[PDB]
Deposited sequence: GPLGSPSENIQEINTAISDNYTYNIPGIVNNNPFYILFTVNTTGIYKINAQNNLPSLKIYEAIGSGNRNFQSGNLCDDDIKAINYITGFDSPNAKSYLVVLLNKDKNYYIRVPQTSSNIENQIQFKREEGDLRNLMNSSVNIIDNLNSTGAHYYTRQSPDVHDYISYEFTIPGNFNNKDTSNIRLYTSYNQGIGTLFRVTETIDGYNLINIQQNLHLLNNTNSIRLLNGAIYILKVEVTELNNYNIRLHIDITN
């Protein structure tokens, strides 16, 4: 577990190359930001998923903020970072020796709606029917997000019935519609206060459109959170 360090405080944009000779072990990145703000942090293709920790300065305290460790699970982190404190990034095992890159970007736009949470990239929604996704559950009042695309071709008209719900943990969901420009994501907050635990209400969403569900855990009844996205037409 070789701890590496970005000695220079990063600002706005930064790219850190994984050596490749540390891929056969879980390994850490120590860094700080030039200015307090909300950052998007991710591996090259959002793979692997990353964990982030807060470090108080011989250290005083280390606190898990957000992120999980599921193999082959795509995700990116959106986190408020303070310039006064230190931060660790746990990169898991790249059991494939391709060189990875950790990208840090300062967010000035709508993506700020996603702090603090990991955003799971869902890419297996090719059809109607049942789908579910299991991740380690955030504690109460903490967030986990999901970015997905409704199956079908987009025509601003074709639409699917989306049933979003959880298995055991209660959570409050906020649903955003995603658009993108040269300056990153734009988010339209289309729904709030969605109680996920055994939710029986469906939502009609546009085929081929991109959406993000931000979930606030309000009741931890299981170590894992399992989000169901059942699609009908």
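In sequence order, the gaps in C-alpha coverage of the deposited chain fall at 1-7, 65-78.
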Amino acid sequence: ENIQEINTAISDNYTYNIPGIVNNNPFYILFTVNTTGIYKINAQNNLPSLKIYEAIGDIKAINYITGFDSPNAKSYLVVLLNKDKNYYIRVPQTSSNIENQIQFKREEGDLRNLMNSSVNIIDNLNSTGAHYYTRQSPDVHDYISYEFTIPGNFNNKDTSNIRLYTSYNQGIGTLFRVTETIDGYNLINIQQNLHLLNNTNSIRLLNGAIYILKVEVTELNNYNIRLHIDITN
From here on, numbers count along this sequence of modelled residues.
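As the entry records it, the average C-alpha temperature factor is higher for 41-49, out of 167-175 and 41-49.
Per the PDB record, of the two stretches 177-185 and 32-40, 32-40 carries the greater mean B-factor over its C-alpha atoms. Reading the B-factor column for the CA atoms of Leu213, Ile210, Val22, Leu220 in the entry, the top value corresponds to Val22. When the C-alpha B factors of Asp123, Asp158, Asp84, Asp139 are read from the deposited coordinates, the top value falls at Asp84. Split the chain's modelled residues into thirds by C-alpha temperature factor. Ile98 is in the highest one. Compared with the other modelled residues of the chain, the Cα B-factor recorded for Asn63 ranks in the middle third. Ranked by Cα temperature factor within the chain, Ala55 sits in the highest third according to the deposited record. When the modelled residues of the chain are ordered by C-alpha B-factor, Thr200 sits in the highest third. Remark: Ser118 belongs to the lowest third of its chain, ranked by C-alpha B-factor as recorded.
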